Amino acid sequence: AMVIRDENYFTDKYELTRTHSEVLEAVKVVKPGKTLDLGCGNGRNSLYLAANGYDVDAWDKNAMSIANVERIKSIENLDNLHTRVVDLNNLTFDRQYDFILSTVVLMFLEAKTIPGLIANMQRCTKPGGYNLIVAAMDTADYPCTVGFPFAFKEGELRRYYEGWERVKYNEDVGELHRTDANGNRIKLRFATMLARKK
């Protein structure tokens, strides 16, 4: 009978990393609706959203991760969560979405993919709908020497989203989980954006 699905629910039951903070913020303004999670991983954001009345397409290239989302989906009876194993470097999609999110994924994709992928996300977003992106940057103050095949330049994500309402946009310094030669978390700027299409 206990129907609450908070940021502890999947985290504690299935040992997932807690729901991304920007997803927890986003849902304060983005109403439940049709959702697309690009590079869903082990599902921390897709399961949280499906459990809270969003209809979610959860896509990733890691078959083991998608099997894990499927397994949890079955246990929890999340009939509004739909998984696929895909390659974002060779994918085009056509449905209309209320909300598309890609959190800490785009830096793993080929540089040639990004302009077309961003264009596809923007085209597949309903007017009034939202896109949430968090991704690594490469800047003079914080070079990306981590080996990501892609990283945003300073101002680049802003420019992609020039005609959108930027509910949140920043390029703040964050940390990777991985550590450097001295065991200190690697520091990089990340483009974080929550944007609403006009």
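Position 1 is the first residue in the sequence shown; the rest follow in order.
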property	result
Mean temperature factor over C-alpha atoms, higher-scoring stretch between 70-78 and 97-105	70-78
Greater mean Cα temperature factor according to the PDB record, 132-140 or 145-153	145-153
Member of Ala1, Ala191, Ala195, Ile4 with the greatest C-alpha B factor (per the PDB record)	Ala1
Candidate set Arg44, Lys31, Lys168, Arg159 [ranked by C-alpha B-factor, highest]	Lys31
Within-chain third of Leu24 by Cα B-factor, per the entry	middle
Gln122, C-alpha B-factor rank within chain (lowest, middle or highest third)	middle
Relative C-alpha B-factor of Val85, binned into the chain's lowest, middle or highest third	highest
